[PDB]
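1. PDB entry and its sequence, pasted below:
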Amino acid sequence: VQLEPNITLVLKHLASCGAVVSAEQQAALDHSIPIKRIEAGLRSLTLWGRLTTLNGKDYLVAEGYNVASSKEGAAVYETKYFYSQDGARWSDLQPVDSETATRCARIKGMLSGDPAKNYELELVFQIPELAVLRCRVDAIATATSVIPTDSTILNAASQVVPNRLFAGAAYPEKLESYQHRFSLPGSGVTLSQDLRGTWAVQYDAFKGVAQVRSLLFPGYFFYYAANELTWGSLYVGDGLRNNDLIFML
Amino acid sequence: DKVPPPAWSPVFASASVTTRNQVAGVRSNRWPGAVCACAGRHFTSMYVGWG
Amino acid sequence: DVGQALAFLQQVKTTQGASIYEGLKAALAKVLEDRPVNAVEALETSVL
Amino acid sequence: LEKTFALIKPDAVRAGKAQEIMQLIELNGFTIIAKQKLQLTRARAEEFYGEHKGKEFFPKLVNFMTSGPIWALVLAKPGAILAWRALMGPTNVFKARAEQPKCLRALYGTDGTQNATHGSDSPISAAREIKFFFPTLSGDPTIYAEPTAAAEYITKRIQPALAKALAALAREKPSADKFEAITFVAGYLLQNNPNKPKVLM
Amino acid sequence: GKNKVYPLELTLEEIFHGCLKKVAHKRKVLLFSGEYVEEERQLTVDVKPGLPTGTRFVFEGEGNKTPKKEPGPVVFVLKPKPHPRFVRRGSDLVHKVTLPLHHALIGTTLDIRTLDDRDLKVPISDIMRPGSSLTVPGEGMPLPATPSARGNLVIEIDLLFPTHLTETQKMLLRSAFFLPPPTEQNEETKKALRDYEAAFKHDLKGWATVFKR
Amino acid sequence: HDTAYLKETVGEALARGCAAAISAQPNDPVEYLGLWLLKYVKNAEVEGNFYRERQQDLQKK
Amino acid sequence: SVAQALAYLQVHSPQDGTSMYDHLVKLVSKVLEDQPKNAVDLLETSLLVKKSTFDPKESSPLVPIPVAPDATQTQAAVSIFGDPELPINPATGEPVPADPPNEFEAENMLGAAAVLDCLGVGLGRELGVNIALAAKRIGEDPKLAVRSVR
Amino acid sequence: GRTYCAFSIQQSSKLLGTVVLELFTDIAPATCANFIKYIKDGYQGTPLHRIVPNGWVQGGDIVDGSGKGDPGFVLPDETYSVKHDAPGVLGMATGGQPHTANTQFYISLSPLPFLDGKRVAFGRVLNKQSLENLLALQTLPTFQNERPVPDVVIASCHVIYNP
């Protein structure tokens, strides 16, 4: 039904789960989001999430893309990520190479405020904080990107496009009604094929709103209102991973 | 890093330090989701999140 | 000529069970009435 | 059903009346086959205005045509050319205001050269301009698809290179399979042809 | 075996996008008259996106025609016109920006308008060394071989150091450059730092933000 | 003789290419024809590739 | 009627590079060339034609220009949120001469917006934040020396 | 995965050797088919006509067997793809102009840069023994004006590895 999740609806439905933004930052978001969508070539830019930090200047992260094709049996989005301490001015997040991608997963802890911070590892390796910031966003999006099933379909030239005739998913409480965004529409891969205890779903049968929370990544929330057929997701908190999931459950 | 993080971190309500009436507070790092806010004579503490 | 092509098209059937002429006519009528956003993509995506 | 070429000049653009012009065009029964916002350079404008070469108004016309982006549009209607000219109105804005006040020249034009719009005149010029600005836009399947016209085109455009390519293929005599010979002749045609040069680096 | 070589100046935008230039050639044919007679020929050259500098386009059979020998080919050598922002170095662009010292240290976002009609805001990831550089992948000239991949935009940083510094400014710089680690700071040190930060970011009488006159 | 070789080697597709060129009326018919022949030799394998992919997908389902 | 339908079908789609009329002509031509004795598949034929259409992508004499709505108003609206950094003179590298914010007397506009929202009147909290920021911009101007902003 | 054909060389009631050839049935199918048909019905006793020391071993005439052209068929030129660059390359010989080819065949005994583009080559030797047989045949005791003084005659021939 919808073609792009809203910023007001996501911030409204996820307010209960603590996924909220500063009131001043909310006002700046309404103005500077369309500006960044035109300065860059992106045609669909939304707010991916907000990562906390040792200071009060949380990293507001926005994700946008132009083309979304299907190659090697997996739908790939040429996503572009932007970061901003406040909602006024956005900067860009460059991708990182494989050698740094392995040396950034060992830096556990909480990110600092100034994006010009360098961490040290072992000879000494100097890694910028923005590289660490990009790694955590990529790791979270790899395992948590959740969209309703059959919401995207394949057309000619192998492009995944929104299903304009989507009629919603029956039994929204079941995990089989949601799939990863990079899963091909034909493939029957859903959140059920993941680890059994990773995802928990709380569905309000009366108001027709469902909430999906990741236990592997506790800061990720996704909602899906069946009545109005709107879905959106956001991430709050740090981007660390819950390694010892077996003990928690 | 070799510097242990502090247990509490500041939280602001505006990106400008010249706002006339801006609320400010602290946020606990040991227990995530615990916040304290203060504006003049009105102070409050609240814990929302996972225990 | 054109009549030969029309007569040929009225004989060949299709997996859906109708002739190519009737199927294309129905698809064109559906496209004309609906007026989709992207007509060319909608031909292969929705109306067929 | 015919089609004609028409462009919205930069004078009708800088004030943002292009959307209103398109809405009026749609309200008057026309249909936009293709539209494109684009800015001409000096050489492109001079080539486009080739008919009025060496005229007294040519310098000011070409200077004005490249002062801002225009909109290029193709309009389709059974009586497209004459209907577009009637909606166009008189060639002079001052005369248009007196004659038909409810015409695009009176509503948006401000000067004899700044009539805010330009249109085709004759079907041949319209086809030429449509080919000039939209090379990939198909059309005119009757004048081009004629036996004598096709023979004349083949004789004087593709034959001089095709004969040499086929002679080279006959001399070389590659493998009897279709694909290798087709690839060889296509490579020769794209390698040495009269109009295009050879690229070296 | 002589050939006429002509420069062909193209802008960086034309090279990036792929232009279709029409050039005029003055061909001279020798006749019995004492003076020559010449004609103007129109040649269409199709430059592909991101062709390397120095590309030669040769038109065979076009050139001055002596009565006996067939005229030799004419050569067009592709060169780029100067650009206010970017100078190309092979397959990727190079941008030279003058950077403030405090920008280099604290960290700011350089603003670059690409050859394509897109803005770009590239943050400073660390303390920019003197003579160092920054790289933004996938923001340069497209590869001549493949029409999808591009080079990487290179920002060459030339620091702009402040001209004058007062004694109190130097004292503050020394304090900032020799501040102890936060695990070693005294309670008095922390209190003084908090007081100074509050006084510097004072909303009405602080100099954290000011309006230009 | 050699005309038979030419006719049953390049004769069939050349007529279709010439018809496409005269229908399109491009600016460089000689350049248009060559790219047309490259596309003509390219699409023959990809149509079978598409058939194979569709059959494999149906079998997997 | 029929002319309108024909024009609508001949409307050229920019991104796809072809029109309904051209696609239908190509499909019917391919069917006529095939002369299929067995059953056909409209979806299969349409996809195969779409993948087999020749698309000559030649260069264009003019560099593309972008179409985009004006952003001056939105940029001005954004410029009030964050305090602008003081620009420096490139010749000297030092910040340009500036003035401190002007001292003015205004009420608690955020509290006023909260009270209005509680009562059920006013302009809303989202606009109240913008109004407060704009009032701060007006008051802090040293050239526009004001004593009170309301 | 081509067709193979073997034949024996014998001079004056004395067996000189045997040779085996592979036919490029995927390069020159018509020439290969004609060569197989003639080796099935023909080449049974045709003497080796022309023997160049550092050139080629030539022969294979049917109706005359001494170097004149034969009637009843003319083989058109098929394709110039195999390049004469290594010894033991089998091809057909034609007149001074194309589309006059006959049963007359030749086997190269040395790299032949000049012969490409003029003679249709559609076969090759298999092993070193077959090439050494021709190399030894080069140094016959007496051969008069590029023809062996005795009758070097094809003793037998057959086809293998492919119907």
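-> Received it, and whenever you're ready, just let me know what you need. Numbers count the residues shown, from 1 in each chain, chains lettered A, B, ... in the order given.
2. contacts, neighbours, all on C-alpha from now
-> Noted.
3. quick check on residue H:123: phi, psi?
-> phi -160, psi 170 (degrees, to the nearest 10).
4. which strand residues bridge it?
-> Beta-bridge partners for residue H:123, by DSSP bridges, are residue H:23, residue H:90.
5. surely it meets residue H:22?
-> Yes. Counting by Cα atoms under 8 Å, residue H:22 is a contact partner of residue H:123 at 5.7 Å.
6. burial check on residue 60, number of neighbours?
-> Reading this off chain A. For residue A:60, the number of neighbouring residues by other Cα atoms under 10 Å in any protein chain shown comes to 22.
7. could you do chain F instead?
-> With other Cα under 10 Å as criterion, residue F:60 counts 8.
8. grab the nearest non-local neighbour of the residue in chain D that chain C sits nearest to.
-> Closest contact between chain D and chain C, by Cα to the nearest Cα, is at residue D:33 (13.7 Å). Leaving out its chain neighbours, the residue that sits closest to residue D:33 by Cα to Cα, 6 or more residues apart in numbering or on different chains is residue G:11, at 4.2 Å.
9. quick check on the one you found: phi, psi?
-> Backbone geometry at residue G:11, expressed as degrees, to the nearest 10, gives phi -60, psi 130.
10. for it, list the residues it contacts.
-> By Cα atoms under 8 Å, 6 or more residues apart in numbering or on different chains, the contact set of residue G:11 is D:31, D:32, D:33, D:34, G:19, G:20.
11. closest one of those residues to chain E?
-> residue D:34 (21.6 Å).
12. quick one, phi psi at the spatially most central residue of chain E?
-> Nearest residue to the geometric centre of chain E (Cα atoms, centre = their mean): residue E:86, 2.1 Å. Backbone geometry at residue E:86, expressed as degrees, to the nearest 10, gives phi -110, psi 140.
13. pretty sure residue B:44 sits against residue B:36.
-> Yes. Contact between residue B:44 and residue B:36 holds when scored by Cα under 8 Å: they sit 5.6 Å apart.
14. the two: which is more packed in?
-> Under the neighbour definition other Cα under 10 Å, residue B:44 and residue B:36 were set side by side, and residue B:36 has more, 16 against 10.
15. longest strand anywhere in chain A?
-> Ranked by residue count and defined by DSSP state E, the top strand of chain A is strand A:59-71.
16. flag every residue of chain C that's near chain G.
-> Contact residues (Cα under 8 Å from any Cα of the partner chain) of chain C with chain G: C:5, C:12, C:13, C:14, C:15, C:20, C:32, C:38, C:39, C:40, C:44, C:48.
17. who are the contact partners of the last one?
-> Contact analysis of residue C:48 by Cα under 8 Å, 6+ apart lists C:27, G:42, G:43.
18. helix/strand/coil for it?
-> With DSSP: H, G, I helix; E, B strand; the rest coil as the basis, residue C:48 sits in coil.
19. neighbour count and secondary structure added to the contacts of residue C:48, as CSV?
-> Shown next, in CSV, are the contacts of residue C:48 (neighbours: other Cα atoms under 10 Å in any protein chain shown; DSSP: H, G, I helix; E, B strand; the rest coil):
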residue, neighbour count, secondary structure
C:27, 16, helix
G:42, 18, helix
G:43, 13, helix
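20. show me which residues of chain A are close to chain B?
-> By Cα under 8 Å from any Cα, the part of chain A that sits against chain B consists of A:17-18, A:22-25, A:54-57, A:86, A:119-120.
21. for residue E:195, see how far away residue H:47 is.
-> Counting by Cα to Cα, to the nearest Å, the separation of residue H:47 from residue E:195 is 115 Å.
22. the more surrounded of those two?
-> Between residue H:47 and residue E:195, residue H:47 has the larger neighbour count (other Cα under 10 Å), namely 26 against 12.
23. quick check: that one touching residue H:154?
-> Yes. With contacts counted by Cα under 8 Å, residue H:47 reaches residue H:154, the gap being 6.3 Å.
24. mind jotting down where the strands sit in chain F?
-> Under DSSP E, chain F gives no strands.
25. chain C too?
-> Under DSSP E, chain C gives no strands.
26. in it, what residue lies closest to chain G?
-> With Cα to the nearest Cα, the shortest gap between chain C and chain G falls at residue C:14, namely 4.8 Å.
27. which residues sit in contact with that residue?
-> Residue C:14 makes contact with C:20, G:39, G:40, G:41, G:42, according to Cα under 8 Å, 6+ apart.
28. just the buried ones from the residues of chain A next to chain B, in ChimeraX syntax?
-> Burial among the residues of chain A next to chain B is assessed by 16 or more other Cα atoms under 10 Å in any protein chain shown; the matching ChimeraX selection reads:
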select /A:17,18,24,25,54,55,56,57,86
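29. distance of the residue in chain F that chain D sits nearest to from chain A?
-> Of all residues in chain F, the one sitting closest to chain D is residue F:34 (4.6 Å; Cα to the nearest Cα). As defined by Cα to the nearest Cα, to the nearest Å, residue F:34 lies at a distance of 24 Å from chain A.
30. how about residue C:43?
-> On the measure of Cα to the nearest Cα, residue C:43 and chain A end up 10 Å apart.
31. quick check: closest non-adjacent residue to the residue of chain C at minimum distance from chain A.
-> Closest residue of chain C to chain A, Cα to the nearest Cα: residue C:45 (6.2 Å). Leaving out its chain neighbours, the residue that sits closest to residue C:45 by Cα to Cα, 6+ apart is residue A:155, at 6.2 Å.
32. now do residue H:162
-> Per Cα to Cα, 6+ apart, closest to residue H:162 is residue H:3, 4.9 Å.
33. report the contact partners of residue 6.
-> In the absence of a named chain, this looks at chain A. A:46, A:232.
34. can you look at chain H instead?
-> By Cα under 8 Å, 6+ apart, residue H:6 lies in contact with H:18, H:19, H:20, H:21, H:157, H:158, H:159, H:160.
35. ok but it is inside a helix, no?
-> No. Residue H:6: not assigned to a helix; according to three-state DSSP it is strand.
36. now do the SS call for the residue nearest to it when sequence neighbours are not counted.
-> Nearest non-adjacent residue to residue H:6, counting by Cα to Cα, 6+ apart: residue H:20, 4.1 Å away. Under three-state DSSP, residue H:20 falls in the strand class.
37. before we move on, what about residue A:213?
-> strand.
38. quick check, it in contact with residue A:221.
-> Yes. In this structure, residue A:213 is within contact of residue A:221 by Cα under 8 Å, at 4.9 Å.
39. now the helices: where do they sit in chain D?
-> Ranges of helices within chain D are D:11-14, D:18-27, D:42-48, D:58-65, D:80-88, D:93-99, D:104-108, D:123-133, D:147-153, D:159-172, D:178-191, based on DSSP state H.
40. now do the fifth one against helix D:123-133, angle only.
-> The one in question is helix D:80-88. Comparing the axes of helix D:80-88 and helix D:123-133 via axes from the mean of the first three to the mean of the last three Cα atoms, to 10 degrees yields an angle of 90 degrees.
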